[PDB]
K.L.:
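Before I ask anything, let me first share the structure, which is written out below as structure tokens.
FYI, side chains are in, hydrogens and waters are out, and symmetry mates aren't considered; it's all heavy atoms of this structure. The sequence lines fix the lettering, A, B, ..., with proteins before strands; numbering per chain opens at 1.
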Amino acid sequence: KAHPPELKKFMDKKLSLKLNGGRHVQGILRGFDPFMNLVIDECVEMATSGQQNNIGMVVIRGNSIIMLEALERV
Amino acid sequence: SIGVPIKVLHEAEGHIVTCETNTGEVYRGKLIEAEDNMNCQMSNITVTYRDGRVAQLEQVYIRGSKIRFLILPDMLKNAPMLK
Amino acid sequence: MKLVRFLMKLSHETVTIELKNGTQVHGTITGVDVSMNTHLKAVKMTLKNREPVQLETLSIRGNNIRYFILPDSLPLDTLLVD
Amino acid sequence: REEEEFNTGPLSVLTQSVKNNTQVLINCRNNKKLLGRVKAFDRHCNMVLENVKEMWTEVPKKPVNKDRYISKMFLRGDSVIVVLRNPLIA
Amino acid sequence: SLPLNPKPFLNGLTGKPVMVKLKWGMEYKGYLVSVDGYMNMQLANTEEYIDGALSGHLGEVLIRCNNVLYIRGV
Amino acid sequence: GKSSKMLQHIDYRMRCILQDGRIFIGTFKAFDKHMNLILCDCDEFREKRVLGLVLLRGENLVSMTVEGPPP
Amino acid sequence: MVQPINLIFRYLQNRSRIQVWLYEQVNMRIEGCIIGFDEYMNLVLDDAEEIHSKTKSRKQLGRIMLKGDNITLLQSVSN
Amino acid sequence: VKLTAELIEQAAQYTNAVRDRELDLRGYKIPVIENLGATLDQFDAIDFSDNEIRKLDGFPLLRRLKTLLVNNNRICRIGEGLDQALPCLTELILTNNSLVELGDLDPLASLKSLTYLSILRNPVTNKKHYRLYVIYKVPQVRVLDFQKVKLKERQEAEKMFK
RNA sequence: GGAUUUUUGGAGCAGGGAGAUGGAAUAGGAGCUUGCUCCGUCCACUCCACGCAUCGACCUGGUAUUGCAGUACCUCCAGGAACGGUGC
């Protein structure tokens, strides 16, 4: 058991992640984790008005991860 | 250690299916990767949600935590799924 | 110690189960598993602001059950002895 | 190991309810407070109690409060939010 | 300073007046009496606080880990 | 003990109620430890929605009852 | 490949101020310096502050033991 | 070969092309449609094609009945209690029937949920102003004989015989 | 076998403001029926901030495609917005 998610093809690629409460971030993944935790370096989050705010390297847990869409062709 | 709906979802990889999330998002396309924990990774996917925002993306990945249901074709419901 | 062995020994008893959404299902408990899978026969379910409906069989999960209601003539002192 | 942790941790606050036969209150997530004597407990906070009194407040959908009594009931540990022990049986 | 693990910090916080706030907005302030390994809390002479206003005293209060959001040692 | 509660309703049409208020009426073919239901040629009522073979997860299941005779 | 546990250990060793967002709560977040961590992502913030984005206020609490089941996103700030 | 409970329990039931539960009761030559209580409203469509039913009546209360196939029959009269037994009846195929007068379409106006009606290959359709009378008597029907009802046809039906 | 993807739950609660606007056939209290006055529950219309923007389904008119396939959905233009959900 405890199989890690297949995130080897999405390594070092710019993807957009969706978090609970209607949150949207975009950034390049820098690693993987068996608990679905993603490290996004130089991430930019979308605000409510539509402006993008750069938050840098952030860590998103798997408990609030909704959907991750790869914006680059892998 | 592997369930029969998990085996039916793993055997249906490569067909035009859809996955409806708990928030209503329907990721439709060819199931490229289907793990044992309902992790659906699709290529050339399409987002048709309960919000209705229909778009086309190159690659999508929906985990089994927020996945509500999965709509699969009836090509694998005859054999070897007959028990 | 374990409440699953006490809940599994409560078969053939007319009890009630109230869910988290306000739906109350009253019926005779016929089957209880280790995951608290309550399989009842000839139950009556009343949802929130809805009419009660009678069903010949019902299967409620353990995670969806919020509270239970047992009759006053239930031997809880004798059933607690493992 | 398990018995010492149950008799020395927070579960001892449950174990004082069944040994001395005291009355405790349980506030659930449905805005309901049930006061009663805890008869059976477990590691997953499965509380089987007897002679419980549950009070809450409801709107017509001004609102108003209400209360009811049950002879014997059983509640799972998932819906139990707050558990308060107070000397109310004396 | 030195990196302290949360389990000796919770073991050493027993007997001190702290306040544990839940996800519903209500907080319980009192002396921490019991803290197990499953992040469960049992306090004595607890007082309830809602929206920055005190509600009343309850005594021994048991709060589980599924509902408690944060805890602050006063 | 016997664990025949889910095996007796195999290959039969059952209607499962979801947590959000939806009802899926389909032929239950197999199950698992996580209560994963596979409903072949299922209908969604809340209006009628053509779904077909719908594999609903066990986390969004509330109650299930018998709908009719097996086809 | 950068592990999240290694990034959390580097953030605890650097003692930088980080902001933690709550799960299903976008109005209020926390901010503080993480001193230690565990396997359940339990953060120990020293001189923490709860920032409400709706009211534009900040309330300090001090030593806070935040559980990992509520923290959804964590970002590093310069303040 | 009357319609009984043993004939309904031995009949085939499956999914149709519209993903609805349909029971194939064709090839039975039932003179009267009765004993439908054994299905217990578990079918969304009723396939009663190629039968000898004379009157479309005698049906119990079935809230799940939404489609009724009465093609290739000898139906010449409609029951007045069709709305009390099928409140959700939306599809009614009565092609190649024995309806001669428009007065048999008067109990069909009680079905408020009926939207698709087929009255082709019938002597009642060959009468003068049959489509206008069917549009005036049944305003809830949107598709009549595989044709969408327009606003001009509704105005012509509301103008005459007002 | 209660610590992130299933079973000891992060769930609960409330629908913006105003107007000498309108109704409780049989169901509010008080000034101790009826008539009148006051106050903590909806729907219809009007005004400010058609609550806002988004896409999907859908109706009218015009318009293009005549094509042999196993399907989230399928031409375009303009008007109206009865429906769904997303963020404030």
K.L.:
Given the P atoms of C38(I) and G19(I), what is the spacing between them in whole Å?
P.N.:
13 Å
K.L.:
Have a look at the sugar of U7(I) and report north or south, taking a positive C1'-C2'-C3'-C4' as north and a negative one as south.
P.N.:
south
K.L.:
With both distances under 3.5 angstrom, what nucleotide forms a Watson-Crick or G-U wobble pair with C74(I)?
P.N.:
none
K.L.:
Determine, using purine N1 to pyrimidine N3 plus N6-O4 or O6-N4 for Watson-Crick, or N1-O2 and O6-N3 for G-U wobble, whether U7(I) and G23(I) pair with both distances under 3.5 Å.
P.N.:
no
K.L.:
Taking atom P in both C36(I) and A27(I), compute the distance separating them and give it to the nearest angstrom.
P.N.:
15 Å
K.L.:
Examine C52(I) and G87(I) and say if both key distances are under 3.5 Å for a Watson-Crick or a G-U wobble pair.
P.N.:
yes
K.L.:
Does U65(I) pair with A25(I), Watson-Crick or G-U wobble, where both distances are under 3.5 Å?
P.N.:
no
K.L.:
Determine if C74(I) and its strand neighbour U75(I) meet both stacking conditions: ring centres closer than 5.5 Å and an interplanar angle below 30°.
P.N.:
no
K.L.:
On a whole-Å scale, what distance lies between the P atoms belonging to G15(I) and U41(I)?
P.N.:
9 Å
K.L.:
Roughly how many Å apart are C73(I) and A44(I), using the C1' atom of each and rounding to a whole number?
P.N.:
37 Å
K.L.:
Determine if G70(I) and its strand neighbour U71(I) meet both stacking conditions: ring centres closer than 5.5 Å and an interplanar angle below 30°.
P.N.:
no
K.L.:
With both distances under 3.5 Å as the test, what is the Watson-Crick or G-U wobble partner of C59(I)?
P.N.:
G79(I)
K.L.:
Looking at the strand neighbours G10(I) and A11(I), are the centres of their six-membered rings under 5.5 angstrom apart while the planes meet at under 30 degrees?
P.N.:
no
K.L.:
For adjacent nucleotides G15(I) and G16(I), indicate whether their bases are stacked under the rule of ring centres within 5.5 Å (strictly under) and plane angle under 30°.
P.N.:
no
K.L.:
Rounding to an integer number of angstrom, what distance separates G16(I) and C52(I) when you compare their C1' atoms?
P.N.:
13 Å
K.L.:
Ring centres of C32(I) and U33(I) closer than 5.5 Å, with planes less than 30° apart?
P.N.:
no
K.L.:
Write down the atom of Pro5(A), the atom of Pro34(A), and the distance for their closest heavy-atom approach.
P.N.:
CD-CA, 4.1 Å
K.L.:
For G12(I) versus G28(I), give the span between their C1' atoms, rounded off to a whole number of Å.
P.N.:
29 Å
K.L.:
I'd like the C1' distance from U86(I) over to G56(I), given in whole Å.
P.N.:
12 Å
K.L.:
Taking the chi torsion of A44(I), is it syn (within 90° of 0) or anti (everything else)?
P.N.:
anti
K.L.:
Going by the glycosidic torsion and a 90 degree boundary from 0, is the base of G56(I) oriented syn or anti?
P.N.:
anti
K.L.:
For the P atoms, the ones on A11(I) and on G31(I), what distance do you get once it is rounded to whole angstrom?
P.N.:
49 Å
